[PDB]
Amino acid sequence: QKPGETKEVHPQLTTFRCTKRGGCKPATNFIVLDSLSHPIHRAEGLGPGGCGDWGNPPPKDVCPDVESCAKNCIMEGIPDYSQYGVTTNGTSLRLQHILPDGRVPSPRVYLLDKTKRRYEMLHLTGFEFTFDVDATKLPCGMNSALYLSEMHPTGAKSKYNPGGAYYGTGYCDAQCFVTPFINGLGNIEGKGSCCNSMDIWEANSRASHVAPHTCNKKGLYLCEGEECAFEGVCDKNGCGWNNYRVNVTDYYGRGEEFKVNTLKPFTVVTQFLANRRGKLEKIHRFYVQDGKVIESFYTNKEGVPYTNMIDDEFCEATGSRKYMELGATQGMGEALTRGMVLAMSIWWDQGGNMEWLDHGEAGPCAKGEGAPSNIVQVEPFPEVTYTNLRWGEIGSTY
């Protein structure tokens, strides 16, 4: 969509690049909301309304073709990101799901480089990524997410998408969802927006999940028909790693009886361990809290390989079939090596209560507990804060 007259004022966020010799050194980055979360309206004289809702192609009245859509649909800059529940303070990023006035912005943002016109491209195979988090205000059913998608570095800036990454264009993920614009272009045929996604963190105060999701296509792929479905180009389920799912119940939760006590802030370390020929072999998650390293649990479940890291043996044995079919850990690593964009978000699930995250095999939450209608009775204003985003040499971030 065509950028409007309103100014885009990106929150600044300091992050770090780390080595063993030099420690963690500060870097300036910026934060951008998803393009379609910006106000979208029509060109002068065309009346009120937007240019389509999530799940749909854009409307034919204004978007009969890409060229027309590009001139008839206007995307405004956001001059005050706090209106969308997005604020920064030095090295901290705060995402508010619900604002005091009752708006539910459910923000999703990306990390821009210091120029504001290209995403910061992270290349994590053979390196580690770490952050600090406050998960206290995330009850059952909430998903705070910090993850990587293989988006185009300028958001596919082009003739009909002059806005590009500066306006947060180009989002994709392993679910291949239909959005009315893809790569900043009207999605006239209602294709899905697919790409590899590495879910470093999907969590709340009750459960913590890690999952690589492979696709058999590089970068953003516009899928049609069955390509967008379960047996298609992308791994919807992912290879999930959650202590509960592997029969470890005392590792992560609200209180002193858990190794990682989510009533207090903590540090989250993720290492992407490569084999001698440079390909990804294992993903290793551990934590730090109150100045003490908390090593990963090992799996503790009959029929599950004994391991403290995600790898192909584990993913195969736990039934992560599309993960394996669409590239396995090497394939995930190949995407990581090419480079990926960092996305951070907070969201809930009206259809399914986020049960896969924290209910049943995945956590302590009861049936119905994670419904949005209940979430607000438990925590009226869910939020997350991510602090001191930092990446670099193995061993150097913590």
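The first residue of the shown sequence is 1; numbering continues from there.
Stretches 169 to 177 and 316 to 324 differ in mean CA B factor, with 316 to 324 having the higher one. Legend: mean Cα B-factor per stretch from the PDB entry, 227 to 235 versus 251 to 259; the higher mean is in 251 to 259. Out of 219, 186, 303, 126, it is 303 whose C-alpha atom has the highest B-factor in the PDB entry. When the Cα B-factors of 284, 264, 213, 157 are read from the PDB record, 264 comes out highest. In this PDB entry, the Cα temperature factor of residue 87 sits in the middle third of its chain's modelled residues. In the deposited entry, the Cα temperature factor of residue 338 sits in the bottom third of values across the chain's modelled residues. When the modelled residues of the chain are ordered by their C-alpha B factor, residue 39 lands in the middle third. The entry lists a Cα temperature factor for residue 353 that places it in the highest third of the chain's modelled residues. Per the PDB record, residue ranking by Cα B-factor puts residue 80 in the middle third of the chain.
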